[PDB]
Structures are given as C-alpha cells and as structure tokens.
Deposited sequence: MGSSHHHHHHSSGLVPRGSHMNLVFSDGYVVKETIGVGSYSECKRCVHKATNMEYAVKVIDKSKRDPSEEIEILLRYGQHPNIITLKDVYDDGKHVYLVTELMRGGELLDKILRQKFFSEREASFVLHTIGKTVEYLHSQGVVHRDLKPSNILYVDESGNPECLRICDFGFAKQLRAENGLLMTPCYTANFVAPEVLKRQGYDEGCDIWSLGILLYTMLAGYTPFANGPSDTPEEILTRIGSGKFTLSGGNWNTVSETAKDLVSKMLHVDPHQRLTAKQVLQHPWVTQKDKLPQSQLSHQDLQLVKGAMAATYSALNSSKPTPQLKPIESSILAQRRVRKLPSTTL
C-alpha cells in the first residue's frame, strides 16, 4: 500500500482504496468479515495490526438535498436499499447503533440507490449467547437490549425518512439547537406532519413516518414491517415531483446536534 491524503485515509495496491486507522476494534472487524459481502455494507479488503472500498460519492443528504432529482419515488428506493440491508443485519443478530445519515455513503458520483453503503460499524454489536456463540433472533437482559437496540435502528431510519420527505430533521432546527431542546422534543414523541411542504406529501409517506417514529417503541415497526408498507412496495403510486428542502449545512448541523444529544 502507498498511503495517500485523508478524506480515514486513501491508499493504493494497482488500485485505490480507503484505510480506517484506529487508536488503542474486534467486533467491527468480525461484522465486516462475516457481512461485508452484502452489496450495501462497505466491503472489507484487508485487516492489519483496516482496508475498505473507497467511497467517491459523499454522504447521502449531500447528494439527495442538492444535485440529484429527488421526489418520493427516489426517497423510496433509498429507504428500501438501506431498510433491506438493516433487515438482513437484524436477522443475523447485528444491531448498528449509529445509523445516522453521515454513515450512509455513495460509492460513485452516480446517485444510483444500488451505490448506497452503510459505512461505520464501530458502534455495532452481535447478539451472543455468553460463551459466547453468535445468536440470531430466530433462536429466541441481552435479548431485551437487542429489542431496544433494533427499535433504535428503525427510529434512526425514521428520522432519515422524515428528513428526506421534509427537507429538515424532525427534532432539530439547526446546529445551534441544544440537548435540552432536542431531548424535550424527542421525549414528547410529537413532530410536524402538516402545513406547507407536508401538505403536498402522500398520506402513505406520513403513515410510515408516524409508525417509524411512534412514541411507544412497542407500536413501532420492525425492519421487515417497514419494507412491507405500501410506501416501499407500491412505487408506481408515489408522487414524482421534486421535494422541497432547507439549506444542506443547516440540515447536516441539525442531524449532528440530534445525535450529539442522543449520545449524551
């Protein structure tokens, strides 16, 4: 490898790759080695004492809230792509726990949904027995946290969906928002789905967001249940008019602030 400039940093063989250098680690290497093969999970090329595929298309919001023509039809292909990958991960007993939009990148500058990749597994954990051998939800405190952590991966896709639809985040108005104001909004379980831009959004889209962001995490939807919703299944039925959106930096800043509030 011929180590080049930082974006963690790019390299060569003769082809270009990315390298994520970490300070003193094992759970991420294991998830990437057993599941990296998935088209929409970043492929691990090598591990030394980690080499991955170089993402050349930037983060999701950067494309969808800028150049790319973006309507409900396009938003549906994004949720499906990511929803299917998350459904696959949950079936294998893998929870992500950092499924914020900045961890969803494009391999190329095409904006094609197939090019989407979930890129960071540093917060990800595998459901283990105790010995511990790997366990899936299929073979039934550890199981209760997994259920809670699955619902947190769905909630995160819920805020992604909301952002894609509204062109703003459900619980933060900008980077200036404090944990106090964001945490109060989350805890209330209330969010706008009416007025202005929301008035031209489909009733099916509003139905899914409500079900994904539901106050009661028990009345919330599973990854399998999201993908079976008409908004995802019935693509022909969706509006194809450009979705309105706020300034990109403002939206990105609102997301960073939201996750900063949650991680605290």
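Missing from the model, relative to the deposited sequence, are the ranges 1-28, 36-42, 49-51, 63-66, 92-97, 189-194, 319-346.
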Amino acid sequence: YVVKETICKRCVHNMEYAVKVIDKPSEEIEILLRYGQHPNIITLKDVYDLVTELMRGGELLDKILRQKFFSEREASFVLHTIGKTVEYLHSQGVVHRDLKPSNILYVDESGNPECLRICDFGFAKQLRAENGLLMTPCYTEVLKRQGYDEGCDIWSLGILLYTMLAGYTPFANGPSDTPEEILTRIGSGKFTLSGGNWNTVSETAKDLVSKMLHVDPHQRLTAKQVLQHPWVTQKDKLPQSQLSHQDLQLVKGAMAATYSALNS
From here on, numbers count along this sequence of modelled residues.
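Residue 136 is built in all of the other entries compared, counting only those with both neighbours built, so it is not a gap in a third.
As recorded in the PDB entry, 27-35 is the stretch of 57-65 and 27-35 with the greater mean C-alpha temperature factor. A summary of the deposited B-factors shows that, of 142-150 and 101-109, the stretch with the larger mean C-alpha value is 142-150. Remark: of 235, 224, 206, 214, 214 shows the highest value [criterion: C-alpha B-factor in the PDB entry]. Within the listed group 255, 18, 243, 248, the record reports its top CA B-factor for 18. In the PDB entry, a CA B factor belonging to the highest third of its chain's modelled residues is recorded for residue 125. Among all modelled residues in its chain, residue 79 ranks in the lowest third by Cα B-factor. Residue 48: CA B factor lies in the highest third for its chain, per the PDB record. Among the modelled residues of its chain, residue 40 has a C-alpha B-factor that falls in the middle third according to the deposited record.
Ranked by C-alpha B-factor against the other modelled residues of its chain, residue 157 falls in the lowest third.
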